[PDB]
Amino acid sequence: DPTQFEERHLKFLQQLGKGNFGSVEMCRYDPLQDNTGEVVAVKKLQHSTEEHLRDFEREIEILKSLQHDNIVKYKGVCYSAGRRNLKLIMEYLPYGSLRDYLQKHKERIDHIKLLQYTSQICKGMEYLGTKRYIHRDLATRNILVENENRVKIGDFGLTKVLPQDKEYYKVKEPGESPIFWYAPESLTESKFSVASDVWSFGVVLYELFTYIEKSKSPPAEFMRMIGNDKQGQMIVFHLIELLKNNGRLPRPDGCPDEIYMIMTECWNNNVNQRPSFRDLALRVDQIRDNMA
Ligand SMILES: Nc1n[nH]c2ccc(-c3ccccc3)cc12
């Protein structure tokens, strides 16, 4: 069974970053101990408590159930003897996160390339929604670059399955929340749906067309709009009030009008009025086609 990975054969190579409750490391799976084994990405929990272990195991099952070109590939799991610590083994994508990639190359990644990525992100999200999963954490830091032509959604640490008879998931005790990517109803009511994922996708699109410029980041811009003096819980209060009054991120400099229109449609206060991922993928592909 190639999906069974023995821990003692995993050699640390380097850190790939922190993903909320876990950390990711590039490791070589080297059972021959001759440095010829496959390089893989290993996700593990920083604090592997009961509750966290339970959530991590659901995360692993979620990822194992997804097979798509634009979703990072599940490879297997590590089990520890005794207390049953879990490690998630995934394919290694060597160009790193889209956030770092775009921050590095900036405008050398042209609009044609940005829209190819948008389309791939859209397709990965559409497929996710057909499984009734809600991502809840869609941001360029959670998207990975395989090569110049392909990106994949790379982390599913906050992903939840919808109840059979509901079209939203409600979070009763929120943890660390990426509030600057949140839809209004997620801020006010902790309600998460395909439509709040679409809102966050609008924010991802904004990130892409600002080329991850620090002064233009969603946190920087929303803080500017509510006032940099706002702190802690008051940030959430003022953000809710800003969004209610149609305060929005500005059009990135140089952004095509058709692309900006997509963002603004995703950021609808009316949940039902937001576009679908199926339609967004059709629209982006048409725009790419017009440009080519
Ligand atoms: N470079 C990668 N190849 N495969 C991966 C799987 C997960 C993450 C990751 C996700 C969130 C935070 C940090 C790293 C990174 C990679």
Side-chain angles (χ1 to χ4, degrees), residues 15-19 21-26 40-46 55-56 58-66 68-75 88-104 109 114 116-129 131 133-147 150-161 169 171 174-183 186 192-194 196-212 217-219 263 266 277 280:
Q15 287 177 46
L16 295 176
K18 305 283 174 169
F21 307 103
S23 72
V24 185
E25 304 172 339
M26 178 194 182
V40 294
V42 183
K43 182 165 181 190
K44 62 181 183 183
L45 288 167
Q46 279 297 265
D55 288 340
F56 194 34
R58 294 180 205 167
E59 175 182 348
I60 291 168
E61 290 293 324
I62 283 163
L63 182 66
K64 186 163 44 165
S65 73
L66 305 172
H68 191 276
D69 297 325
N70 308 120
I71 293 173
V72 70
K73 284 169 176 154
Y74 170 87
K75 278 187 143 282
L88 169 61
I89 317 301
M90 293 169 277
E91 64 176 344
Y92 177 64
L93 301 193
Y95 286 51
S97 79
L98 185 50
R99 188 181 188 280
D100 295 340
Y101 184 80
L102 207 40
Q103 203 160 28
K104 195 188 183 67
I109 309 310
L114 294 182
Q116 187 179 34
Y117 299 155
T118 304
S119 171
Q120 290 165 4
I121 297 162
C122 271
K123 288 172 181 171
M125 285 300 300
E126 197 270 348
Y127 169 84
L128 191 63
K131 307 228 146 183
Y133 297 143
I134 310 304
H135 196 273
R136 302 184 53 240
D137 198 20
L138 186 50
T140 61
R141 65 168 166 85
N142 288 322
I143 294 149
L144 302 171
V145 188
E146 185 177 24
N147 56 60
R150 194 188 277 202
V151 293
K152 309 195 181 189
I153 306 164
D155 194 81
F156 296 90
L158 306 181
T159 304
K160 302 279 178 185
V161 69
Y169 184 83
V171 177
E176 187 181 358
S177 302
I179 62 163
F180 298 120
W181 280 252
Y182 272 18
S186 303
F192 297 86
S193 59
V194 167
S196 60
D197 271 355
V198 165
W199 176 289
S200 298
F201 170 78
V203 197
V204 172
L205 191 45
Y206 173 87
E207 297 187 78
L208 293 181
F209 282 87
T210 55
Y211 295 94
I212 321 297
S217 75
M263 296 176 202
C266 293
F277 281 119
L280 289 170

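Along the sequence shown, residues are numbered consecutively beginning with 1.
By the side-chain hydrogen bond (donor to acceptor under 3.5 Å, both in side chains) test, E91 pairs with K152, sequence neighbours left out. Judged as a side chain to side chain contact (heavy atoms under 4.5 Å, CB included), and not counting sequence neighbours, the contacts of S97 are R99, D100, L144.
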Tabulate below the donor-acceptor pairs under 3.5 Å that side-chain atoms of residues 68-75 make, not counting sequence neighbours, or state none.
| residue | atom | partner | partner atom | Å |
| --- | --- | --- | --- | --- |
| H68 | ND1 | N70 | N | 2.8 |
| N70 | ND2 | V151 | O | 3.1 |
| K75 | NZ | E38 | OE1 | 2.8 |

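With contacts defined as side-chain heavy-atom distances shorter than 4.5 Å, the pair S200/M125 does not qualify.
Dense packing is recorded around CZ of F180, with more than 12 heavy atoms of other residues, nucleotides or ligands lying under 6.0 Å away.
Here the closest heavy-atom approach between residue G202 and residue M263 is recorded as O-CG, 3.9 Å. The two atoms that bring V145 and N147 nearest to each other are CG1-O, 3.2 Å, heavy atoms only. Here the closest heavy-atom approach between residue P174 and residue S177 is recorded as CB-OG, 4.2 Å. Here the closest heavy-atom approach between residue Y95 and residue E146 is recorded as CD1-O, 3.5 Å. Residues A139 and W181 come closest through the heavy atom pair CB-NE1, 3.6 Å.
If you take CD1 on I143 and CD1 on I121, they are separated by 3.5 Å, rounding to the nearest 0.5 Å. Of the inter-residue distances, the one linking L63 atom CG with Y133 atom OH reads 9.5 Å to the nearest 0.5 angstrom. How far CD of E207 is from CD of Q103: 10.5 Å, rounded to the nearest 0.5 Å. Atom CG of residue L280 and atom CZ of residue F201 lie 5.5 Å apart, to the nearest 0.5 angstrom. To the nearest 0.5 angstrom, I62 atom CD1 is 11.0 Å from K131 atom NZ. Between atom CG of residue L93 and atom OH of residue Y101 there is a gap of 13.0 Å, rounded to the nearest 0.5 Å.
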Intermediate values then yes/no, side-chain contact (heavy atoms from CB on, under 4.5 Å), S186 and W199:
CA-CA 10 Å; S186 303; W199 176 289; over 6 Å; no
Could you walk me through whether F277 and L128 pass the side-chain contact (heavy atoms from CB on, under 4.5 Å) check?
CA-CA 10 Å; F277 281 119; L128 191 63; over 6 Å; no
side-chain contact (heavy atoms from CB on, under 4.5 Å) between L114 and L102, worked out:
CA-CA 9 Å; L114 294 182; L102 207 40; 3.8 Å; yes
For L98 and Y117: C-alpha separation, side-chain torsions, deciding distance, then whether side-chain contact (heavy atoms from CB on, under 4.5 Å) applies.
CA-CA 9 Å; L98 185 50; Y117 299 155; 3.9 Å; yes
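Between the side chain of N142 and the backbone N or O of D137 there is at least one donor-acceptor pair closer than 3.5 Å. With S196 contributing its side chain and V194 its backbone, the two residues share no donor-acceptor pair below 3.5 Å.
At a threshold of 4.0 Å, the pair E61-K64 counts as salt-bridged, since one of the basic side-chain nitrogens sits closer than that to a carboxylate oxygen. The existence of a salt bridge linking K43 and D155 is confirmed by a sub-4.0 Å separation between a basic side-chain nitrogen and an acidic carboxylate oxygen.
In summary, the aromatic rings of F192 and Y182 are positioned with their centroids under 6.0 Å apart.
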